[PDB]
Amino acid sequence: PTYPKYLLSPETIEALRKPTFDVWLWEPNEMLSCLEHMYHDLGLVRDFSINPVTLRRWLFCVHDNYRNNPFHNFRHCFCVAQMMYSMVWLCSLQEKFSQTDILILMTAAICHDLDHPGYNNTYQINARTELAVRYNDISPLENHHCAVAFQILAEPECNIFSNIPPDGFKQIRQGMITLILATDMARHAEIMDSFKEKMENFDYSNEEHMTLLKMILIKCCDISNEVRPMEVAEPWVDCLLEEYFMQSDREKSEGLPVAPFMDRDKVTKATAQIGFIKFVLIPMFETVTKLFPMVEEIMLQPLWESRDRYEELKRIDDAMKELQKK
């Protein structure tokens, strides 16, 4: 008949495989069903004997541990996971990666921003927060996201790894930790350099090579909003700036340094994305494209289009402010 929302329709399940998926259409419950379907569809439930009910309880617990920040929230984690899911199909990753690696990629993507406070590492460090003190200024947020991820998995009713032998667990844990920590943008240049260094003669059978490729994959997915259709990507920019301005505001009231790229007075939607697309997104997907050429047309294309559109927006934004400032 006319089924309920949480029962995904065959059209949605089909659409869920492409980077064009409208992530804004669904409520959390529907997004949880989407994540659940990903695990079954990728054959992870099957190959890792994941209790299908535990899979649901786990996702629900994961959701409960994401905060309602304007950007680093559950919907962001759904975006990262859904783009990873898309890349698996787009790049035929199951031909290159083992099911354990797929499991690592997906679980890390879902768990990568757990219990994010809404203020980055620079804020944690400068304000000497409890997190910065706990982690000695070393990627405190990522270390925390990772720790929460395993405290959750430590709860029996949420342990989707309960049927994986201990050696498998250790391997997965290590892999997840590496990937989540790799999402700290402060290490972006470092990670990109190491990847390109191995990209000179890439070897899919080289464990070090694959680890770096997985780090790049989760990084690509994490900052992949702009790869999505303009109408889906744009509203994310306002969410990010909302979070950024909240921090710079607070940093001014407490006397802590402020990052220009978070300055309510020097940043616009356009200036924020132009540079990020040109010097972070495009270069990275460009190197990834060497390994998977199909990535150019499906993701580099929209990035080029976004870059051009934001440059146009900037021109009129600049023109508009040339009528202001008495």
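Only the largest set of C-alpha atoms that superpose within 1.5 Å between the two forms is called the rigid core. Each residue number is its position in the shown sequence, starting from 1.
Chemist: Fit on the core, then compare CA atoms: does 314-322 or 7-15 lie farther from this form in 7 other deposited structures of this protein?
Modeler: Larger mean C-alpha displacement, comparing 314-322 and 7-15 in 7 other deposited structures of this protein, is found in 314-322.
Chemist: For the C-alpha atoms alone, is the average B factor greater in 257-265 or in 49-57, going by the entry?
Modeler: Comparing 49-57 with 257-265, the higher mean C-alpha B-factor belongs to 257-265.
Chemist: Averaging the C-alpha B factors as listed in the entry, name the stretch that ends up higher: 29-37 or 285-293.
Modeler: Mean B over CA atoms: larger for 285-293.
Chemist: From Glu226, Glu197, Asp137, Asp222, can you pick the one with the highest C-alpha B factor in the entry?
Modeler: If I rank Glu226, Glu197, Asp137, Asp222 by C-alpha B-factor, first place goes to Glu197.
Chemist: Tell me, please, which of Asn121, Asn159, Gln82, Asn201 has the highest C-alpha B factor according to the deposited entry?
Modeler: The listed residue with the largest C-alpha B-factor is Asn201.
Chemist: Sort the modelled residues of this chain by their C-alpha B factor and say whether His116 lands in the lowest, middle or highest third.
Modeler: Lowest third - that is where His116 ends up once the chain's C-alpha B-factors are sorted.
Chemist: Would you check the entry's CA temperature factor for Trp89 and let me know if it's in the chain's lowest, middle or highest third?
Modeler: Within its chain, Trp89 is a middle-third residue by C-alpha B-factor, going by the deposited values.
Chemist: Taking the C-alpha B-factors as the PDB entry records them, is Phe245 in the lowest, middle or highest third of its chain?
Modeler: Highest third, going by the recorded CA B-factors of the chain.
Chemist: Could you tell me which third, lowest, middle or highest, the C-alpha B-factor of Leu42 occupies within its chain?
Modeler: Within its chain, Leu42 is a lowest-third residue by C-alpha B-factor, going by the deposited values.
Chemist: Sorting by Cα B-factor within the chain, modelled residues only, which third would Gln171 end up in: lowest, middle or highest?
Modeler: As the PDB entry reports it, the C-alpha B-factor of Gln171 lands in the middle third of its chain.
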